[PDB]
Amino acid sequence: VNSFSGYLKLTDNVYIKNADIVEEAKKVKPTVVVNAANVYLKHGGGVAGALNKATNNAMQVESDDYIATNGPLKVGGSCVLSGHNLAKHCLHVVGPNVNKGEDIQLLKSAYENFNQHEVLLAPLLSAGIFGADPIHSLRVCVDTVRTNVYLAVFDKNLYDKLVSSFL
Ligand SMILES: Cc1oc(CNc2ncnc3[nH]c4ccccc4c23)cc1C(=O)O
């Protein structure tokens, strides 16, 4: 039993809710919240900008030190950093950004990072400002992630479409 509430069960291991991931993290304080990161960990907008704003920019400060030491992530890759006031840990995962021309096949590799964590609160990778089709992202999630994932979808309209079209 875990503390996630109000989710619709899609499969054995994937759950979904219309929610603001920032508010959801603040309430649940999950072990892992996933950030929709870019390779530079520049958390300017979308999910990343909202998560970082909720940490009062501490996420960005920590991220800048990470990049200065380690260099950029790979598209499809990830790193574990602090969850600050939102979670124990933040798993920064880089999905392909269609608005940069990145290969959508890398979306499966991005979701594979979730399998290193037993339970996660996460957004749909490559959705929103990353330009992928969220219905496709949900399908890849279900077909790739084997650990327990609680998906927060900010937009109510999109949430209803994702549920209604789910196979
Ligand atoms: C996970 C997510 O993606 C988005 C923005 N992209 C889209 N939004 C609604 N319909 C959409 N059709 C599409 C067809 C092709 C590409 C993108 C969209 C798309 C907002 C959210 C959210 O979490 O609220």
# chains A, B, ... in the order shown; residues from 1 in each chain; ligands from 1
call {"tool": "residues_around", "arguments": {"residues": "residue 132 in chain A", "least_positions_apart": "5", "cutoff": "12 Å", "atoms": "only C-alpha atoms", "output": "JSON list (two decimals) with N, CA, C and O atoms, in the first residue's frame"}}
result
[["chain", "number", "residue", "atom", "x", "y", "z"],
["A", 95, "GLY", "N", 13.95, 12.92, -22.23],
["A", 95, "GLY", "CA", 13.29, 12.37, -23.38],
["A", 95, "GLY", "C", 13.67, 13.16, -24.61],
["A", 95, "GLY", "O", 14.10, 14.32, -24.51],
["A", 96, "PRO", "N", 13.49, 12.59, -25.79],
["A", 96, "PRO", "CA", 13.77, 13.34, -27.01],
["A", 96, "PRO", "C", 12.83, 14.53, -27.16],
["A", 96, "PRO", "O", 11.63, 14.44, -26.87],
["A", 97, "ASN", "N", 13.39, 15.65, -27.60],
["A", 97, "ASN", "CA", 12.62, 16.86, -27.88],
["A", 97, "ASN", "C", 12.39, 16.93, -29.38],
["A", 97, "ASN", "O", 13.32, 17.17, -30.16],
["A", 98, "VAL", "N", 11.14, 16.69, -29.79],
["A", 98, "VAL", "CA", 10.80, 16.72, -31.21],
["A", 98, "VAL", "C", 11.06, 18.10, -31.80],
["A", 98, "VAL", "O", 11.41, 18.23, -32.98],
["A", 99, "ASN", "N", 10.89, 19.15, -31.00],
["A", 99, "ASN", "CA", 11.17, 20.50, -31.48],
["A", 99, "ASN", "C", 12.67, 20.77, -31.64],
["A", 99, "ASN", "O", 13.04, 21.86, -32.10],
["A", 100, "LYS", "N", 13.53, 19.80, -31.30],
["A", 100, "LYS", "CA", 14.95, 19.84, -31.65],
["A", 100, "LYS", "C", 15.33, 18.79, -32.69],
["A", 100, "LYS", "O", 16.51, 18.68, -33.03],
["A", 101, "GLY", "N", 14.38, 18.00, -33.18],
["A", 101, "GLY", "CA", 14.67, 16.99, -34.18],
["A", 101, "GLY", "C", 15.21, 15.68, -33.65],
["A", 101, "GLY", "O", 15.76, 14.90, -34.43],
["A", 102, "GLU", "N", 15.05, 15.40, -32.36],
["A", 102, "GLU", "CA", 15.65, 14.22, -31.76],
["A", 102, "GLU", "C", 14.80, 12.98, -32.03],
["A", 102, "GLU", "O", 13.58, 13.05, -32.20],
["A", 103, "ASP", "N", 15.48, 11.83, -32.09],
["A", 103, "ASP", "CA", 14.86, 10.60, -32.57],
["A", 103, "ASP", "C", 13.86, 10.09, -31.54],
["A", 103, "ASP", "O", 14.21, 9.85, -30.37],
["A", 104, "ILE", "N", 12.60, 9.92, -31.96],
["A", 104, "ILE", "CA", 11.55, 9.53, -31.04],
["A", 104, "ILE", "C", 11.76, 8.13, -30.50],
["A", 104, "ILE", "O", 11.24, 7.81, -29.42],
["A", 105, "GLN", "N", 12.53, 7.29, -31.20],
["A", 105, "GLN", "CA", 12.85, 5.96, -30.69],
["A", 105, "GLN", "C", 13.59, 6.05, -29.37],
["A", 105, "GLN", "O", 13.53, 5.10, -28.58],
["A", 106, "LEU", "N", 14.23, 7.18, -29.08],
["A", 106, "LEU", "CA", 14.93, 7.35, -27.82],
["A", 106, "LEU", "C", 13.96, 7.46, -26.66],
["A", 106, "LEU", "O", 14.39, 7.39, -25.51],
["A", 107, "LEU", "N", 12.66, 7.59, -26.94],
["A", 107, "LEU", "CA", 11.70, 7.67, -25.85],
["A", 107, "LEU", "C", 11.67, 6.38, -25.04],
["A", 107, "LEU", "O", 11.54, 6.41, -23.81],
["A", 124, "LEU", "N", 4.42, 12.43, -18.32],
["A", 124, "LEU", "CA", 4.64, 11.74, -19.58],
["A", 124, "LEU", "C", 5.86, 12.33, -20.28],
["A", 124, "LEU", "O", 5.90, 13.52, -20.61],
["A", 125, "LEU", "N", 6.86, 11.48, -20.52],
["A", 125, "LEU", "CA", 8.09, 11.95, -21.13],
["A", 125, "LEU", "C", 7.85, 12.41, -22.56],
["A", 125, "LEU", "O", 7.04, 11.84, -23.31],
["A", 126, "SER", "N", 8.56, 13.46, -22.94],
["A", 126, "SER", "CA", 8.54, 14.06, -24.26],
["A", 126, "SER", "C", 7.21, 14.72, -24.60],
["A", 126, "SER", "O", 7.05, 15.22, -25.72],
["A", 127, "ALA", "N", 6.27, 14.79, -23.66],
["A", 127, "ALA", "CA", 5.00, 15.48, -23.88],
["A", 127, "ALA", "C", 5.20, 16.98, -23.68],
["A", 127, "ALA", "O", 6.31, 17.48, -23.48],
["A", 137, "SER", "N", 3.45, 8.64, -26.02],
["A", 137, "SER", "CA", 4.27, 8.56, -24.82],
["A", 137, "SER", "C", 3.67, 7.62, -23.79],
["A", 137, "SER", "O", 4.39, 6.83, -23.16],
["A", 138, "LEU", "N", 2.35, 7.67, -23.60],
["A", 138, "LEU", "CA", 1.70, 6.77, -22.66],
["A", 138, "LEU", "C", 1.85, 5.32, -23.09],
["A", 138, "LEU", "O", 2.10, 4.44, -22.25],
["A", 140, "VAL", "N", 4.32, 3.98, -24.92],
["A", 140, "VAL", "CA", 5.69, 3.57, -24.65],
["A", 140, "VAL", "C", 5.89, 3.35, -23.15],
["A", 140, "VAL", "O", 6.55, 2.38, -22.74]]
call {"tool": "residues_around", "arguments": {"residues": "residue 42 in chain A", "least_positions_apart": "5", "cutoff": "8 Å", "atoms": "only C-alpha atoms", "output": "NGL selection string"}}
result
:A and (37 or 60 or 63)
call {"tool": "residues_near_ligand", "arguments": {"ligand": "ligand 1", "cutoff": "6 Å", "atoms": "only C-alpha atoms and all ligand atoms", "output": "list in words"}}
result
residues 124, 127, 128, 131, 132, 133, 134, 153, 154, 155 and 158 of chain A
call {"tool": "write_last_selection", "arguments": {"atoms": "N, CA and C atoms", "output": "CSV table (one decimal), in the first residue's frame"}}
result
chain,number,residue,atom,x,y,z
A,124,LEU,N,4.4,12.4,-18.3
A,124,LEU,CA,4.6,11.7,-19.6
A,124,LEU,C,5.9,12.3,-20.3
A,127,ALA,N,6.3,14.8,-23.7
A,127,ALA,CA,5.0,15.5,-23.9
A,127,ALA,C,5.2,17.0,-23.7
A,128,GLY,N,4.1,17.7,-23.8
A,128,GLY,CA,4.2,19.2,-23.5
A,128,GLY,C,5.1,19.8,-24.5
A,131,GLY,N,7.1,18.2,-27.5
A,131,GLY,CA,6.6,18.1,-28.8
A,131,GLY,C,6.2,16.7,-29.3
A,132,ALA,N,6.3,15.7,-28.4
A,132,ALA,CA,5.8,14.4,-28.9
A,132,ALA,C,4.3,14.2,-28.6
A,133,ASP,N,3.7,13.2,-29.2
A,133,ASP,CA,2.3,12.9,-29.0
A,133,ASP,C,2.1,12.2,-27.7
A,134,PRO,N,1.4,12.8,-26.7
A,134,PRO,CA,1.3,12.2,-25.4
A,134,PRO,C,0.6,10.8,-25.4
A,153,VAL,N,-0.9,14.2,-15.1
A,153,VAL,CA,-1.2,14.9,-16.4
A,153,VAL,C,-1.8,16.2,-16.0
A,154,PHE,N,-1.2,17.3,-16.3
A,154,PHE,CA,-1.6,18.6,-15.9
A,154,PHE,C,-2.9,19.0,-16.6
A,155,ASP,N,-3.1,18.8,-17.9
A,155,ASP,CA,-4.2,19.2,-18.6
A,155,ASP,C,-5.4,18.3,-18.6
A,158,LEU,N,-6.5,16.8,-22.0
A,158,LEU,CA,-5.6,15.7,-22.4
A,158,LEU,C,-5.8,14.5,-21.6
call {"tool": "residues_around", "arguments": {"residues": "range 75-80 of chain A", "least_positions_apart": "5", "cutoff": "8 Å", "atoms": "only C-alpha atoms", "output": "list in words"}}
result
residues 38, 39, 89, 90, 91, 92, 93, 94, 95, 96, 106, 107, 108, 109, 110, 111 and 113 of chain A
call {"tool": "select_by_dssp", "arguments": {"residues": "range 1-140 of chain A", "states": "strand (DSSP E or B)", "output": "number ranges by chain"}}
result
A: 8-9, 14-18, 32-37, 78-82, 89-94, 119-122
call {"tool": "write_last_selection", "arguments": {"atoms": "C-alpha atoms", "output": "mmCIF file, in the first residue's frame"}}
result
data_model
loop_
_atom_site.group_PDB
_atom_site.id
_atom_site.type_symbol
_atom_site.label_atom_id
_atom_site.label_comp_id
_atom_site.auth_asym_id
_atom_site.auth_seq_id
_atom_site.Cartn_x
_atom_site.Cartn_y
_atom_site.Cartn_z
ATOM 1 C CA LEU A 8 -7.117 5.509 -12.424
ATOM 2 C CA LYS A 9 -5.409 2.124 -12.843
ATOM 3 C CA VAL A 14 0.756 2.102 -14.396
ATOM 4 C CA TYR A 15 -1.650 4.612 -12.831
ATOM 5 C CA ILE A 16 -2.786 8.034 -14.119
ATOM 6 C CA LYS A 17 -4.382 11.192 -12.691
ATOM 7 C CA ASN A 18 -5.241 14.732 -13.833
ATOM 8 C CA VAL A 32 11.139 9.664 -6.498
ATOM 9 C CA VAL A 33 9.696 12.474 -8.610
ATOM 10 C CA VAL A 34 10.679 12.444 -12.292
ATOM 11 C CA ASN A 35 11.682 15.671 -14.006
ATOM 12 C CA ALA A 36 11.258 16.213 -17.755
ATOM 13 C CA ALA A 37 14.856 17.369 -18.087
ATOM 14 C CA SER A 78 19.092 10.312 -16.554
ATOM 15 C CA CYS A 79 20.667 11.269 -13.264
ATOM 16 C CA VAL A 80 19.477 11.096 -9.652
ATOM 17 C CA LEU A 81 19.689 14.336 -7.680
ATOM 18 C CA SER A 82 17.960 15.697 -4.596
ATOM 19 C CA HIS A 89 15.028 12.158 -4.913
ATOM 20 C CA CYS A 90 14.481 13.700 -8.324
ATOM 21 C CA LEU A 91 15.176 11.460 -11.306
ATOM 22 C CA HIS A 92 16.030 13.873 -14.132
ATOM 23 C CA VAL A 93 15.159 12.011 -17.354
ATOM 24 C CA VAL A 94 15.890 13.370 -20.846
ATOM 25 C CA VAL A 119 7.838 3.533 -7.327
ATOM 26 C CA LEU A 120 7.817 6.921 -9.106
ATOM 27 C CA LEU A 121 5.655 10.002 -9.589
ATOM 28 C CA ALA A 122 6.216 11.149 -13.150
#
call {"tool": "select_by_dssp", "arguments": {"residues": "chain A", "states": "alpha helix (DSSP H)", "output": "PyMOL selection string"}}
result
chain A and resi 21-28+46-54+58-70+106-112+134-144+156-164
call {"tool": "closest_residue", "arguments": {"among": "A:141, A:58, A:72, A:156", "to": "residue 10 in chain A", "atoms": "only C-alpha atoms"}}
result
A:141
call {"tool": "atom_distance", "arguments": {"atom1": "CA of residue 163 in chain A", "atom2": "CA of residue 130 in chain A"}}
result
20.8 Å
